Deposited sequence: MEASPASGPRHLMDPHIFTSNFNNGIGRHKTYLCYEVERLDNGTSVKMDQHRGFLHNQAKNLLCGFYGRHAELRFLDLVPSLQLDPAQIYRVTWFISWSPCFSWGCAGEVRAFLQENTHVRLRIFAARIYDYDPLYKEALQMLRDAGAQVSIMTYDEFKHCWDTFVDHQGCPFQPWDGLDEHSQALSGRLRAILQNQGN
């Protein structure tokens, strides 16, 4: 019930426009068979770097204790993040360590955009996959699902930006190439 500003959303999750900020919307569903259904769904951004900072993914790992997940149970955690996790600042590694430590959890990452500023972004994406995280590019369905679930839309159905699907394809192309090796 803590919802995101529509302009905030559209200007950060646009897969054709980079921003100097990162948003991470998350869900936690529990599975006691196949019945995940829907259940713990908030969102957050990074602590800006002011001379270091704390990347959005670490802040997620920060708040895991507060979710009070039952370690006997198995959960799917879903992220929709405006930038692909980095490697260099230790995010991919920290997440791997978290998945090893918390084997009850099944992680699913959709990214709006690929953070290729990090020269080691490919290593980050492959390492996450190897750790058993599903690593994916947001398509229209996932942009819509965050709009529907996280955004203070006030009954307005999502209006996709020009070139959403061209960019979504382009990036899905690059990402699959990367996970092939």
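Missing from the model, relative to the deposited sequence, are the ranges 1 to 9, 49 to 50, 63 to 66, 197 to 199.
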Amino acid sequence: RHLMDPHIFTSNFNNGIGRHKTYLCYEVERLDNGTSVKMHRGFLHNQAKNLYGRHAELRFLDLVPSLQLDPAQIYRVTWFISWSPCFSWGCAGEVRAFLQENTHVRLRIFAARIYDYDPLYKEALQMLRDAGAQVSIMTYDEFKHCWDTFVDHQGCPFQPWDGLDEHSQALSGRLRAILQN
From here on, numbers count along this sequence of modelled residues.
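Per-stretch averaging of Cα B factors for 74 to 82 and 96 to 104 places 96 to 104 on top. Here 24 to 32 and 137 to 145 are compared by their mean Cα B-factor, and 24 to 32 comes out higher. Residue 129: CA B factor in the middle third of modelled residues in this chain (values from the PDB entry). Among all modelled residues in this chain, the alpha-carbon of residue 112 has a temperature factor (C-alpha) in the lowest third.
Split the chain's modelled residues into thirds by C-alpha temperature factor. Residue 46 is in the lowest one. Among all modelled residues in its chain, residue 64 ranks in the middle third by Cα B-factor. When the modelled residues of the chain are ordered by C-alpha B-factor, residue 57 sits in the lowest third.
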